[PDB]
>>> print(open('coords26.csv').read())   # CSV, C-alpha atoms
chain,number,residue,atom,x,y,z
A,553,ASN,CA,-15.4,19.6,4.4
A,554,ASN,CA,-13.2,18.8,1.3
A,555,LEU,CA,-10.4,17.8,3.7
A,556,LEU,CA,-12.7,15.4,5.7
A,557,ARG,CA,-14.0,13.9,2.4
A,558,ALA,CA,-10.4,13.4,1.1
A,559,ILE,CA,-9.4,11.5,4.3
A,560,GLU,CA,-12.6,9.3,4.1
A,561,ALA,CA,-11.7,8.5,0.4
A,562,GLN,CA,-8.0,8.0,1.3
A,563,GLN,CA,-9.0,5.5,4.1
A,564,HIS,CA,-10.9,3.5,1.4
A,565,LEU,CA,-7.7,3.6,-0.8
A,566,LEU,CA,-5.6,2.3,2.2
A,567,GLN,CA,-8.1,-0.5,2.9
A,568,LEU,CA,-7.8,-1.6,-0.8
A,569,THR,CA,-3.9,-1.5,-0.6
A,570,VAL,CA,-4.1,-3.6,2.6
A,571,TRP,CA,-6.4,-6.1,0.8
A,572,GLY,CA,-3.9,-6.3,-2.1
A,573,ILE,CA,-0.9,-6.7,0.1
A,574,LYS,CA,-2.6,-9.6,2.0
A,575,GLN,CA,-3.5,-11.3,-1.3
A,576,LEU,CA,0.2,-11.0,-2.5
A,577,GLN,CA,1.7,-12.2,0.9
A,578,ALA,CA,-0.5,-15.3,0.7
A,579,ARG,CA,0.3,-16.0,-3.0
A,580,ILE,CA,4.2,-15.5,-2.5
A,581,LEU,CA,4.0,-17.7,0.6
A,582,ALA,CA,2.2,-20.4,-1.4
A,583,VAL,CA,4.8,-20.3,-4.1
A,584,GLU,CA,7.7,-20.3,-1.6
A,585,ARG,CA,6.1,-23.4,0.0
A,586,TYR,CA,5.5,-25.1,-3.4
A,587,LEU,CA,9.2,-24.7,-4.2
A,588,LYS,CA,10.3,-25.9,-0.8
A,589,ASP,CA,8.0,-29.0,-1.2
A,590,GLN,CA,9.4,-29.8,-4.7
B,553,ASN,CA,-8.0,18.1,15.8
B,554,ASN,CA,-9.7,14.9,14.6
B,555,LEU,CA,-8.4,15.6,11.1
B,556,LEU,CA,-4.7,16.0,12.3
B,557,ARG,CA,-5.1,12.8,14.3
B,558,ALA,CA,-6.5,10.9,11.3
B,559,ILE,CA,-3.6,12.0,9.1
B,560,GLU,CA,-1.1,11.0,11.8
B,561,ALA,CA,-2.7,7.5,12.0
B,562,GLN,CA,-3.0,7.2,8.2
B,563,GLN,CA,0.8,8.0,7.9
B,564,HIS,CA,1.4,5.0,10.3
B,565,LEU,CA,-0.8,2.9,8.0
B,566,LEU,CA,1.1,4.1,4.9
B,567,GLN,CA,4.5,3.3,6.6
B,568,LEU,CA,3.1,-0.3,7.4
B,569,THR,CA,2.0,-0.8,3.7
B,570,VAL,CA,5.5,0.4,2.6
B,571,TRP,CA,7.1,-2.2,4.9
B,572,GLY,CA,4.9,-4.9,3.5
B,573,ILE,CA,5.5,-4.0,-0.2
B,574,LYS,CA,9.3,-4.0,0.4
B,575,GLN,CA,9.1,-7.5,2.1
B,576,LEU,CA,7.1,-8.8,-0.9
B,577,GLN,CA,9.4,-7.2,-3.6
B,578,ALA,CA,12.4,-8.9,-1.9
B,579,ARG,CA,10.6,-12.3,-1.6
B,580,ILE,CA,9.2,-12.2,-5.3
B,581,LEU,CA,12.7,-11.2,-6.5
B,582,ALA,CA,14.3,-14.1,-4.5
B,583,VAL,CA,11.8,-16.6,-6.1
B,584,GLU,CA,12.4,-15.2,-9.7
B,585,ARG,CA,16.2,-15.6,-9.1
B,586,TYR,CA,15.8,-19.1,-7.7
B,587,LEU,CA,13.8,-20.1,-10.8
B,588,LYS,CA,16.4,-18.4,-13.1
B,589,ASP,CA,19.2,-20.2,-11.2
B,590,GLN,CA,17.4,-23.7,-11.6
C,553,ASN,CA,-2.7,24.7,5.0
C,554,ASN,CA,-0.3,22.1,6.6
C,555,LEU,CA,-3.2,19.6,6.6
C,556,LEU,CA,-4.0,20.1,2.8
C,557,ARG,CA,-0.3,19.8,2.0
C,558,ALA,CA,-0.1,16.5,4.1
C,559,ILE,CA,-3.1,15.0,2.2
C,560,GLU,CA,-1.5,16.1,-1.2
C,561,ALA,CA,1.8,14.3,-0.2
C,562,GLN,CA,-0.1,11.3,1.2
C,563,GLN,CA,-2.0,10.9,-2.1
C,564,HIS,CA,1.4,10.8,-3.9
C,565,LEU,CA,2.5,8.1,-1.4
C,566,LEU,CA,-0.7,6.1,-2.0
C,567,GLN,CA,-0.2,6.4,-5.8
C,568,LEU,CA,3.4,4.9,-5.3
C,569,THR,CA,2.1,2.0,-3.1
C,570,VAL,CA,-0.5,1.3,-5.9
C,571,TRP,CA,2.3,1.2,-8.5
C,572,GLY,CA,4.3,-1.2,-6.4
C,573,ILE,CA,1.3,-3.5,-5.6
C,574,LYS,CA,0.5,-3.7,-9.4
C,575,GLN,CA,4.1,-4.5,-10.2
C,576,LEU,CA,4.1,-7.3,-7.6
C,577,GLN,CA,0.7,-8.7,-8.7
C,578,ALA,CA,2.0,-9.0,-12.3
C,579,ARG,CA,5.3,-10.6,-11.1
C,580,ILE,CA,3.6,-13.2,-8.7
C,581,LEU,CA,1.1,-14.0,-11.5
C,582,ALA,CA,4.0,-14.6,-14.0
C,583,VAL,CA,5.7,-16.9,-11.5
C,584,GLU,CA,2.5,-18.8,-10.7
C,585,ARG,CA,2.0,-19.3,-14.5
C,586,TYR,CA,5.6,-20.3,-15.1
C,587,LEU,CA,5.2,-23.1,-12.4
C,588,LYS,CA,1.8,-24.2,-13.8
C,589,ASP,CA,3.4,-24.3,-17.3
C,590,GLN,CA,6.4,-26.5,-16.0
D,701,UNK,CA,-3.3,-2.2,10.4
D,702,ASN,CA,-6.6,-3.1,12.4
D,703,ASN,CA,-5.7,-0.8,15.4
D,704,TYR,CA,-4.9,2.3,13.3
D,705,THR,CA,-7.9,1.6,10.9
D,706,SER,CA,-10.3,1.4,13.9
D,707,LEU,CA,-8.9,4.7,15.4
D,708,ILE,CA,-9.3,6.5,12.0
D,709,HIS,CA,-12.9,5.3,11.7
D,710,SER,CA,-13.7,6.8,15.2
D,711,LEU,CA,-11.9,10.1,14.4
D,712,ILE,CA,-13.7,10.6,11.0
D,713,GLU,CA,-17.1,9.7,12.5
D,714,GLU,CA,-16.4,12.2,15.4
D,723,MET,CA,8.0,-6.8,12.6
D,724,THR,CA,6.0,-10.0,11.5
D,725,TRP,CA,2.8,-10.4,9.4
D,726,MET,CA,0.6,-11.2,12.5
D,727,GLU,CA,1.8,-8.0,14.2
D,728,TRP,CA,1.4,-6.1,10.9
D,729,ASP,CA,-2.2,-7.2,10.7
D,730,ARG,CA,-2.8,-6.2,14.4
D,731,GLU,CA,-1.3,-2.6,14.0
E,701,UNK,CA,-8.4,2.6,-6.8
E,702,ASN,CA,-9.1,5.0,-10.0
E,703,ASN,CA,-12.6,6.1,-8.6
E,704,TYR,CA,-11.3,7.1,-5.2
E,705,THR,CA,-8.1,8.6,-6.7
E,706,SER,CA,-10.1,10.8,-9.1
E,707,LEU,CA,-12.4,12.0,-6.3
E,708,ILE,CA,-9.5,12.9,-4.0
E,709,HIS,CA,-7.9,14.9,-6.9
E,710,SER,CA,-11.2,17.0,-7.2
E,711,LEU,CA,-11.6,17.5,-3.4
E,712,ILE,CA,-7.9,18.7,-3.0
E,713,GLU,CA,-8.1,21.0,-6.1
E,714,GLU,CA,-11.4,22.4,-4.7
E,723,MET,CA,-13.1,-8.6,-4.7
E,724,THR,CA,-11.0,-9.2,-7.9
E,725,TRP,CA,-8.0,-7.3,-9.4
E,726,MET,CA,-10.1,-5.7,-12.2
E,727,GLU,CA,-12.6,-4.3,-9.6
E,728,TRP,CA,-9.6,-3.3,-7.3
E,729,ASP,CA,-8.2,-1.3,-10.2
E,730,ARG,CA,-11.6,0.4,-10.8
E,731,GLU,CA,-12.3,1.4,-7.2
F,701,UNK,CA,8.5,7.1,-0.6
F,702,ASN,CA,11.4,8.7,1.8
F,703,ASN,CA,10.9,12.2,0.3
F,704,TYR,CA,7.1,12.4,0.8
F,705,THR,CA,7.3,10.6,4.2
F,706,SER,CA,9.9,13.2,5.5
F,707,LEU,CA,7.7,16.1,4.2
F,708,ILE,CA,4.5,14.8,5.8
F,709,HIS,CA,6.4,14.4,9.2
F,710,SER,CA,7.4,18.1,9.0
F,711,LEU,CA,3.9,19.3,8.0
F,712,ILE,CA,2.2,17.3,10.9
F,713,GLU,CA,4.8,18.4,13.5
F,714,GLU,CA,4.3,22.1,12.3
F,723,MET,CA,9.8,4.1,-12.4
F,724,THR,CA,12.3,1.6,-10.7
F,725,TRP,CA,12.4,0.3,-7.1
F,726,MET,CA,15.4,2.5,-6.1
F,727,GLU,CA,13.5,5.6,-7.3
F,728,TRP,CA,10.3,4.3,-5.6
F,729,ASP,CA,12.3,4.1,-2.3
F,730,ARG,CA,13.6,7.6,-2.8
F,731,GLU,CA,10.2,9.3,-3.6
>>> encode(input="coords26.csv", output="structure tokens")
Amino acid sequence: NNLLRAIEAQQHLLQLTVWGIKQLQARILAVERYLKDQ
Amino acid sequence: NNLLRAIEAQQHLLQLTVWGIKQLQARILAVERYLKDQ
Amino acid sequence: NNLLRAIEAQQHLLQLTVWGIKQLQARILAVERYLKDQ
Amino acid sequence: XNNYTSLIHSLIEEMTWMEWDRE
Amino acid sequence: XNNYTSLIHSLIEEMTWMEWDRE
Amino acid sequence: XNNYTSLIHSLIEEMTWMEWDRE
């Protein structure tokens, strides 16, 4: 049961890392575009 | 068996987050260098 | 036992992805601020 | 990311950025 | 991230960026 | 990342950015 619970919790961690990576990809892309546009 | 399959799938997810983090590290580094060079 | 060991190791991987995401968030934020300040 | 995430949900109950999002 | 990380430690032994850090 | 990834592969079958890549 502890092992199932750990995987459940680790999926939530992975979902949060995915959210953060997507935020950062969009923000680095906006900066790259800003510098191209300047 | 479901638990082994979940860990297999979660390793693939981790490998994809690693790929994305490496892409972002290289792109933020290139931007930092571009701004230093300007 | 292999399954417990895999989750232990995958937690260490998740902790490293978290470290990298935090580094990148701080560095993209510094660049955004630098460009705002220019 | 979506494909593996969906699979893991089902198991637990029971390169480009577009492709990255899909996987 | 801290909340889930703490839980997993205990199990294995046995949106904003501030909220992201907490979870 | 490489060290833990290799280990997990074997188990399932059976700070700087350079160090981050190694681990």
>>> atom_distance(input="coords26.csv", atom1="CA of residue 580 in chain A", atom2="CA of residue 580 in chain C")
6.6 Å
>>> residues_around(input="coords26.csv", residues="residue 555 in chain A", least_positions_apart="3", cutoff="12 Å", atoms="only C-alpha atoms", output="NGL selection string")
(:A and (558-562)) or (:B and (554-556 or 558-559)) or (:C and (553-560)) or (:D and (712)) or (:E and (707-714))
>>> interface_residues(input="coords26.csv", of="chain A", to="chain C", cutoff="10 Å", atoms="only C-alpha atoms", output="PyMOL selection string")
chain A and resi 554-555+558-559+562+565-566+568-570+572-573+575-577+579-580+582-583+586-587
>>> write_last_selection(input="coords26.csv", atoms="C-alpha atoms", output="short mmCIF file (atom, residue, chain, number, x, y, z; two decimals), keeping the file's coordinate frame")
data_model
loop_
_atom_site.label_atom_id
_atom_site.label_comp_id
_atom_site.auth_asym_id
_atom_site.auth_seq_id
_atom_site.Cartn_x
_atom_site.Cartn_y
_atom_site.Cartn_z
CA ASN A 554 -13.20 18.80 1.30
CA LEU A 555 -10.40 17.80 3.70
CA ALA A 558 -10.40 13.40 1.10
CA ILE A 559 -9.40 11.50 4.30
CA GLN A 562 -8.00 8.00 1.30
CA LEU A 565 -7.70 3.60 -0.80
CA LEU A 566 -5.60 2.30 2.20
CA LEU A 568 -7.80 -1.60 -0.80
CA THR A 569 -3.90 -1.50 -0.60
CA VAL A 570 -4.10 -3.60 2.60
CA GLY A 572 -3.90 -6.30 -2.10
CA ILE A 573 -0.90 -6.70 0.10
CA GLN A 575 -3.50 -11.30 -1.30
CA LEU A 576 0.20 -11.00 -2.50
CA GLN A 577 1.70 -12.20 0.90
CA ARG A 579 0.30 -16.00 -3.00
CA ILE A 580 4.20 -15.50 -2.50
CA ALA A 582 2.20 -20.40 -1.40
CA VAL A 583 4.80 -20.30 -4.10
CA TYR A 586 5.50 -25.10 -3.40
CA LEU A 587 9.20 -24.70 -4.20
#
>>> atom_distance(input="coords26.csv", atom1="CA of residue 723 in chain D", atom2="CA of residue 728 in chain E")
26.8 Å
>>> atom_distance(input="coords26.csv", atom1="CA of residue 731 in chain E", atom2="CA of residue 729 in chain F")
25.2 Å
